Amino acid sequence: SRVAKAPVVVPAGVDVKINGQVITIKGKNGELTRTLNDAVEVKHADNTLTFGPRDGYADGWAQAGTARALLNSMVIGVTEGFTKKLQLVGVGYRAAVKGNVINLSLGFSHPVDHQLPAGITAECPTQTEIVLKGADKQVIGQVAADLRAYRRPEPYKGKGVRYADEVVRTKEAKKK
Amino acid sequence: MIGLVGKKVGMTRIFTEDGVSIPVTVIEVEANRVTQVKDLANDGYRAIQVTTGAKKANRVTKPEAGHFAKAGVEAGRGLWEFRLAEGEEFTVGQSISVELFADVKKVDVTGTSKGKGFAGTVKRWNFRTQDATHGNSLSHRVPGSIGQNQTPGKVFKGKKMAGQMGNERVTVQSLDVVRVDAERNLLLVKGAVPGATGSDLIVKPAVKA
Amino acid sequence: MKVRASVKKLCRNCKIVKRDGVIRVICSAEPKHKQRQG
Amino acid sequence: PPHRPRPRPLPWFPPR
Amino acid sequence: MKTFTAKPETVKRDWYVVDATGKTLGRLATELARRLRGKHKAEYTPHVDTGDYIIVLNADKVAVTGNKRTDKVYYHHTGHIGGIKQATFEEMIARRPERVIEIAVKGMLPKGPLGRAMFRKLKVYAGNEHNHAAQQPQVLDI
RNA sequence: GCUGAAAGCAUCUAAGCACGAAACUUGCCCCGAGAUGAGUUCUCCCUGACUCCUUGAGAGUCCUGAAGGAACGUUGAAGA
RNA sequence: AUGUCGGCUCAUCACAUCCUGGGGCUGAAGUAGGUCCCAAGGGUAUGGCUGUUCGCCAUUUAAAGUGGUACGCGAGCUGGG
RNA sequence: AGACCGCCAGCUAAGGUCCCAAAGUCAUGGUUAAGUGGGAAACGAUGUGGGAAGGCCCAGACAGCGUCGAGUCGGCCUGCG
Ligand SMILES: [K+]
Ligand SMILES: [K+]
Ligand SMILES: [K+]
Ligand SMILES: [K+]
Ligand SMILES: [K+]
Ligand SMILES: [K+]
Ligand SMILES: [K+]
Ligand SMILES: [Mg+2]
Ligand SMILES: [Mg+2]
Ligand SMILES: [Mg+2]
Ligand SMILES: [Mg+2]
Ligand SMILES: [Mg+2]
Ligand SMILES: [Mg+2]
Ligand SMILES: [Mg+2]
Ligand SMILES: [Mg+2]
Ligand SMILES: [Mg+2]
Ligand SMILES: [Mg+2]
Ligand SMILES: [Mg+2]
Ligand SMILES: [Mg+2]
Ligand SMILES: [Mg+2]
Ligand SMILES: [Mg+2]
Ligand SMILES: [Mg+2]
Ligand SMILES: [Mg+2]
Ligand SMILES: [Zn+2]
C-alpha cells in the first residue's frame, strides 16, 4: 500500500516495455524482465511507473507493493547495478576468479569451483575477498548465499565465508 | 551401446606371468549379421535385429526364410534385438564382430540359467531345515508356518514356496574382459556366466561401469 | 530448535512468524530462542 | 493358565 | 401399454469432442458421465447404453481448485503385501495425464458390465490431436 | 536460504526463485499385451465350381488342403 | 470344543528409530556426546544358567529397537513347563 | 411411519436434489482457504469477518533515519478457521 503508493521514476537511458503483465527494463548495465502478479495494474504514464490493485483480487495491495519494490530494483539494476562483498576469514582460506568460475580453498580435501550464472561477474581485490557484480538483485543475492553456504561462519573463531557487512556473533568454548 | 550374441563354450583358466590363475568363461562370438534396423518413423524405437550361427535350410520355415532374404543374410539359429544409443548407426546386412569389444573393460552377460526343475524351499530359498532328531515328526525339510492366524487369514503374495527353479533369464553384471581374440572369434570373460555349455549368451558393455 | 505446543516471545528481539502454516519464533540474537509450534 | 486338557483317545465302539 | 425401452440394436450414438483445457476436473467429469450414460436423452434406459461417444482433448491441461494440484493423492494397491502406492495430481499429469480424467469419470459411472461398456465410449487424449476424423465428432462445449 | 510486500521497518512466503536424506519417482535386475484398453514391426500362405433358402456375416454339395501345426519316432545340463 | 506357555520353522505390518541417512539447539574448541526434529530403504549376535518368556552373566556388533499380527505361526514340527 | 389384496396413477414424512443414484450445478446476502467441511483437550499464535468503547493525531502521531507527512496503537466482546 504505502510502498505501492509511491511511483518509481524511470531515469534517462532506461526503456520500459509493458506487454500486459510481462515487463522488460533495458539499460546500459543490462536487460531484465519479469512477469507480475495478475492482481497488479501497472502504468507507464509520464516517465514514471505507478502500481495499484486490479479489482477482483483480495491481495491486490500486497501484490502491488512487491511489484513496486521489484521494478524499483530492476531500474537500479540496469543503471547502477548491485554489488556484494564476501570476506574469507580463516588461515589458508583463499579465492580466485577464473572467468566465470570462483576457485575456493576453504580447508577441504578437494577444490570448490562455483560456476557463476549468466549476468554475474566476480573479482579478487585480495585473496580473502570476492566482489560480485550484476543487474539482478535476486541473482546476486543467491550467488552470494551459495558461496557462503560452502563454509558458513563458525561461532568460535568466525572462520568461513561471510558477507562484508555481517555481524558474526562468536562465543567462548565452555570452561573446564 | 550394442551387444553381441555368442555361445558358452566352457570354462578354463588363464595363468598370468605374475603367477595368478584367472578363471575364464570362453564365449564364442561369431559374426552377428544385422537382419533388420528399427527406427522411430516405422517402429517407434531405434534397434538392430541380429542373427548369428547357421541353420539347415530344411529347418528354416518360409516365413523365417523370407525375413532373412529381405536382409540378404544367411539364416542364423535365432534373432536378437539390441537397442541403439543415439550416436550409433547400422545398416541391414552388416556383420558385427567381437572386435566391437576390443576396448571394453567390463561386460554384462545374459543367459538362461541351468534348470533345477521343481525345487524345495531349502534349495530354492535357502530356508533352514528343522531338527533331524529331537522328536521331529515328518517335518525335516518342510517350510514351517506359511502365515499368521485369522488376521489376515490368507497367505500373502510372493510367499517363498517350493516351485520351478532355474531355467530362466539371468544377467551377471560387470565381468572383466580378459581377452578378445578376433581371429578365433573368442571373448574370454573372468568368472562364471549363466547356462550350460553350448547355451546362447548375450554380451553387452557393462551398464554400471 | 525447540518444538512445543506453546510457542511464545521469550525476549523483545523474538519475532513470531507463520511460515507454510506453522507458527515459528525467530531470534537473531539468541538461537536458543528458535521455536516451532508442533 | 491352560484352558483345555491335552487331547486324549476315545474307547472303541462297534462301528457301522 | 408398457413403458418404452431403448433397444441396443436401434439406439443412435453420436460422436462429440470436448476440450478439457482449463475445465475443472470434477465439473467436466459429471457432464461426461451424464452423456456416456445417456441421461441427457429421453430414451434413457437404465439397462441399455444409450450414451454418446466422447473425445476429450488436452487432458493434460485440466484444472483443479485449492491446493489439489499438489495435495490431491491417488492411491492404489498392487495386491502384494505392503504394496500401497501413491501419486499426487501433479505426478499423474506428468506421467499419464489421460488417467486423471479417466479415473474421475470411471468413479462417476455405474459399477458392473454396463458401466464398463459405457466407459469404453470415452476417448481421452493428452494433446490437441485425435485420429477420429472418420467418425466426424461434433464440438461439445461443457 | 534469496528476493519480497501485506506492515515506509523487519520478515524463507503471501507473488516469485534456490538448495535439501538410505524415505518417494526413476536409474539396475526379472516377469509382463487375458494391457479384453487383447498394442507394434518384419516375413510367409491361400486368387475353384455350383445349388438352394424364411436373403445374409445364411445353408449345402463337389473340387481343393496352402503357409504352418500337430501326431508319431530318436531324444536333451528341459522336465512330476 | 475357538488346543493353551516356551522353543523351532516361516514371517508380515506400525513407527513412539536400535544402527545406518538428513537436520536445529547445545552448559557444541576438537574428538566424543546431550537433546529435539525429519526419516521405516535395508540391517538389527553367539553362548553359559533356567521349561522358561524375561533376566543375570561371558564374549561380540554399526546396531544387538519397541510394539501389532488369536500375547502371529501345533489340519507346519516340538512337548521341557 | 404402523404392511387386508391389486394398479406401469397422484400428494407428502424423515431425509434429500453435481455423478454413482430419484430430485435445484435453484435464488438472494454473508462466512471459510483449512479439503476446515469429512475425529479430540488444556494451551499457543500480527489467520480472517463482525461489534462496542478508549489512548494518541496536520500545535505533525506510529515505523525508519531535530528530520519524513495520515490514520495509527493495545486491550474487550464475538463468527469462521
Ligand atoms: K496382443
Ligand atoms: K515382529
Ligand atoms: K527403516
Ligand atoms: K488363542
Ligand atoms: K486350524
Ligand atoms: K501335520
Ligand atoms: K476433508
Ligand atoms: Mg534340469
Ligand atoms: Mg538350524
Ligand atoms: Mg507320531
Ligand atoms: Mg523323520
Ligand atoms: Mg477378508
Ligand atoms: Mg449400486
Ligand atoms: Mg548403503
Ligand atoms: Mg517419527
Ligand atoms: Mg529408492
Ligand atoms: Mg500365540
Ligand atoms: Mg501333528
Ligand atoms: Mg494352526
Ligand atoms: Mg411432489
Ligand atoms: Mg439424478
Ligand atoms: Mg447456484
Ligand atoms: Mg477432515
Ligand atoms: Zn529472543
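Residues numbered from 1 in each chain as written, not as in the entry; some residues may be left out. Chains lettered and ligands numbered in written order. Part of a larger assembly, values for the part shown. Heavy atoms only, no water.

What the deposited record gives as its method is cryo-EM, and the resolution it gives is 1.95 Å.

Bringing unusual backbone geometry into the picture now. The peptide bond linking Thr151 of chain B to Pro152 of chain B adopts the cis configuration, its omega dihedral lying at 5°. With respect to the helices and strands, the residue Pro152 of chain B is situated in the loop between α2 (121-125) and β9 (163-166). You will see that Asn167 of chain B, though not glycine, has its phi angle at about 65°, which is positive. When you line up the elements, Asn167 of chain B lands in the loop between β9 and β10 (169-181). Notably, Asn58 of chain E is not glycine yet its phi reads approximately 65°, a positive angle. Locating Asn58 of chain E in the fold gives a position in the loop between β2 (53-57) and α2 (68-71). (Helix = DSSP H or I, 4+ residues; strand = E, 2+ residues; numbered from the N terminus.)

With that settled, the discussion passes to the UniProt feature "binding site: Zn(2+)" (unreviewed entry) in chain C. Residue and element names in this part refer to chain C. Mapped onto this numbering, the UniProt entry annotates "binding site: Zn(2+)" (unreviewed entry) at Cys11, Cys14, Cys27 and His33. For this annotated set, covering 23 residues, all C-alpha atoms fall within 8.5 Å of each other, a compact arrangement in space. Examined against the element boundaries, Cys27 turns out to sit in the loop between β3 (22-26) and β4 (35-37). Residue contacts for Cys27: discarding those within four places in its chain leaves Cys11, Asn13, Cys14 and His33. For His33, a relative accessible area of 18% puts it in the buried group. Excluding anything up to four places from it in sequence, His33 contacts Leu10, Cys11, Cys14, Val25 and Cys27. (UniProt positions renumbered as here; feature names shortened; annotations may be inferred. Contact = heavy atoms within 4.5 Å. Buried < 20%, exposed > 50% of the residue type's maximum accessible area, 1.4 Å probe, protein only.)

Okay, the sheet that holds strand β2 (residues 15-19) of chain C next. All names here are of chain C. Ordered in space as β1-β4-β3-β2, the 4 strands form an open sheet in which the pairing is mixed. Among the strands making up the open sheet, the edge pair consists of β1 (2-4) and β2. Adjacent strand axes in the sheet meet at a mean angle of 25°, parallel and antiparallel pairs treated alike. When β1 meets β4, the two strands line up parallel, connected through 3 bridges. Along β4, the bridge assignment pairs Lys2 with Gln35. (Pairing = 2+ DSSP bridges. Axes fitted to C-alpha atoms, helices over the stretch in contact; angles between N-to-C directions.)

The subject of this paragraph is the pattern of salt bridges. Going through the model one piece at a time under the given rule, you end up with 16 salt bridges over all chains. Linking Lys7 of chain B and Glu28 of chain B is a salt bridge whose minimum nitrogen-to-oxygen distance equals 3.1 Å. Of this pair, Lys7 of chain B sits in strand β1 (residues 4-15) while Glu28 of chain B is found in strand β2 (residues 21-28), placing the two residues 21 residues apart along the sequence. For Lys7 of chain B, a relative accessible area of 26% gives the class partly exposed. Here the salt bridges share partners, and the residues they tie into one network are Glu31, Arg34 and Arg35 of chain E. (Salt bridge = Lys/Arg side-chain N within 4 Å of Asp/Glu carboxyl O.)

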